[PDB]
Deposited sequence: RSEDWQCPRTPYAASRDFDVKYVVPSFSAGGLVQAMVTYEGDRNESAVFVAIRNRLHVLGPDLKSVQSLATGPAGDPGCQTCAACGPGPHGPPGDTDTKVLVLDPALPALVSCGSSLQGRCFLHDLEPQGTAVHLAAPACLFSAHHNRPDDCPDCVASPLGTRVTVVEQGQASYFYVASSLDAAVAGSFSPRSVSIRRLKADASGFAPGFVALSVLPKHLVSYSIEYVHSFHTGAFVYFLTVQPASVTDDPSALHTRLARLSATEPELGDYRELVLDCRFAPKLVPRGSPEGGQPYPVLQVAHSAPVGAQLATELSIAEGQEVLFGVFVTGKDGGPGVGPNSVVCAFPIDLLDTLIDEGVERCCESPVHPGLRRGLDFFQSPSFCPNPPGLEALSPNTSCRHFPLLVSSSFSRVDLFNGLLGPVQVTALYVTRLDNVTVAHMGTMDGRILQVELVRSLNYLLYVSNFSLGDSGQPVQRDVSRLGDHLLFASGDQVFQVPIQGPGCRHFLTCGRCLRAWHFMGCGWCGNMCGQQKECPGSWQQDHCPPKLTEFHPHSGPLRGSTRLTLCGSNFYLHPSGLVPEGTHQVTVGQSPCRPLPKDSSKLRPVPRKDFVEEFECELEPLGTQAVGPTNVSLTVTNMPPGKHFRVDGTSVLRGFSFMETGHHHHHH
């Protein structure tokens, strides 16, 4: 009887695509991209001590020396003015962020006490120059117990730039230790106005810094940060407690207002994604197995078919997070799982409430011991009564109820760690543009998938097989990925249609790919527009059940492209001479008649449209004897 063809055997991801790129000079340290008004645009790509401005075709129009410090070349360092400017060493680029309002580009590296640098953008016909830099470090305002201009940490930092009113605000998070906080500190969290005279950053601002005792163990990574709605959000990876093992990491989401420059509302939520494999593995507490370390994330609006899942409305922003296991487990390596934004808020709002009201659950935790002082809700840090002069809600807190979800891909991702994510919304559907450690790109629809991934593309970025950099950026219909010393530009609609090995999968492609079936291969129109067609597709007969009958006989034909979405009405079958149609794989039953080791041919004609594509044609198999 009937066999079964695995939904692969149609995908062949071993097909290579060349796709334009840009040699760096060395390993890429960051990138960020402009999309100005006059359809102007750039792509800015940094390395160790150089800065690369690119055109809209990854062609380096202007490069510029960002280091080394203590060495008469690097313009940034020289624009700081008459020396000394030190200590000397290599300038490694920890921030590359642009302020759309000026416009202007920022760049802050691990030389020069973490000072930033401004680069007024100078336009060109679909191109952009960076006019010479202007050091963001006021001489007479800075000091070792208070350097307001110290934005960049050498231990990795992130910055989100925000327009409030008529000046630009810099929400800012940095990791710190002893050798950083010691003196000329960048300070963990802060919000900073950029002075209108470009001289740097207005002094004063309240900022937060992991307290002296916990500078050593409790190091916080800052994986990602963004602006949406009326809030700057900050995405983290840190130990689950001050007194628990420093090897016990766990991702959180830290929030701040996007219209209200103060840390008085420093809310922190604990995200918590896990894997749920039916069986449930050994050391895991029901619900799923925890992947508590985020390796990248990206927020984006979702499609119809995804909003329904997740129970939300089309258009709504949704953070997505690419979680890996604690340390390096042993199961799938990467789990991606959606957190929608509104609901992250609505938790944190009811997070706030339960901490500040009439009856207060006695024995709660405002917490964040690592930042401020411990204190039970509602009363503020250290202090033991809530004196009505101040409020409760005007203090930083940690919303205890964590936020929990389950991998969107039931562990199908599989063993190769995902390293970079960029979620978009290609028309009414939605797609995740994943990058892996083994040097490959995974463009895959983002529907909660049960049994398999809905592949758009999986292919290797170039030949040097190297991990794809976290921070991924975009231009028109062309994402930029980075790996090693190179930068690649992948089109949002996946490069080719030449992995779909069968007119089956090929004509099931999501419109935008342009995929049509050119006879004995799939491909866009470019590749064979004599015979490129996107409509019809011929039935493939694989085998049958009774393989030798007498001169009735209930043949069961077994193949694919048999049904409409069973079928019936009209399909011919000539099993050496007349048979008779009588009511993965698609099977069938055919009672046959006498004659007055032949082949077995099936033929679909005058057949109505399928959802995706139309079935018509003949395929003929051998091997059916006659018995007397």
No C-alpha coords for deposited residues 1-5, 336-338, 560-561, 576-580, 599-611, 625-629, 662-669
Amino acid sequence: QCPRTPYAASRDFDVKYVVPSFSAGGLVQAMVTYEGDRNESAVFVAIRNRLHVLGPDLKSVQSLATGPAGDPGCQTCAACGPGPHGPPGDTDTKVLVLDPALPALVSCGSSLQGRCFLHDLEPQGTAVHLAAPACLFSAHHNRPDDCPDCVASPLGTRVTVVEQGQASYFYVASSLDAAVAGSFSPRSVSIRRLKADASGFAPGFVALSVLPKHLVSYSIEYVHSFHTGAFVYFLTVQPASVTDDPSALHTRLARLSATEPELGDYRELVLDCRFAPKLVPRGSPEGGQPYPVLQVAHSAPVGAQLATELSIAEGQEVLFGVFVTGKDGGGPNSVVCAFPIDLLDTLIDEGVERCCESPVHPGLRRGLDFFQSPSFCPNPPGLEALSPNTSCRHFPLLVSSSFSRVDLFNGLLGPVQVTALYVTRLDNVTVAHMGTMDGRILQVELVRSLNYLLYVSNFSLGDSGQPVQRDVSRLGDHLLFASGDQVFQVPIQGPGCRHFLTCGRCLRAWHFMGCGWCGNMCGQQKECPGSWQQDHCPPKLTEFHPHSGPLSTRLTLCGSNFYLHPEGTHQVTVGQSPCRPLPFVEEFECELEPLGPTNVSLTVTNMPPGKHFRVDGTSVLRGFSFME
From here on, numbers count along this sequence of modelled residues.
Please compare 116-124 with 86-94 and say which has the higher mean C-alpha temperature factor in the record. 86-94
291-299 versus 146-154 - which carries the larger mean C-alpha B factor in the record: 146-154
Going by the CA temperature factor in the entry, name the top one among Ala258, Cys537, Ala276, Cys377. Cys377
Highest Cα B-factor in the deposition, which of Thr436, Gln316, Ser548, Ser311? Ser548
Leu64 - which third its CA temperature factor falls in, relative to the rest of the chain: highest
Ordered by C-alpha B-factor within the chain, which third holds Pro56? Give me lowest, middle or highest, please. lowest
B-factor third for the C-alpha atom of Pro103 within its chain: middle
Would you please rank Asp477 by its C-alpha temperature factor against the other modelled residues of its chain and give the third it falls in: lowest, middle or highest? lowest
Quick tally, chain-level thirds of C-alpha B-factors: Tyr34 sits in the middle
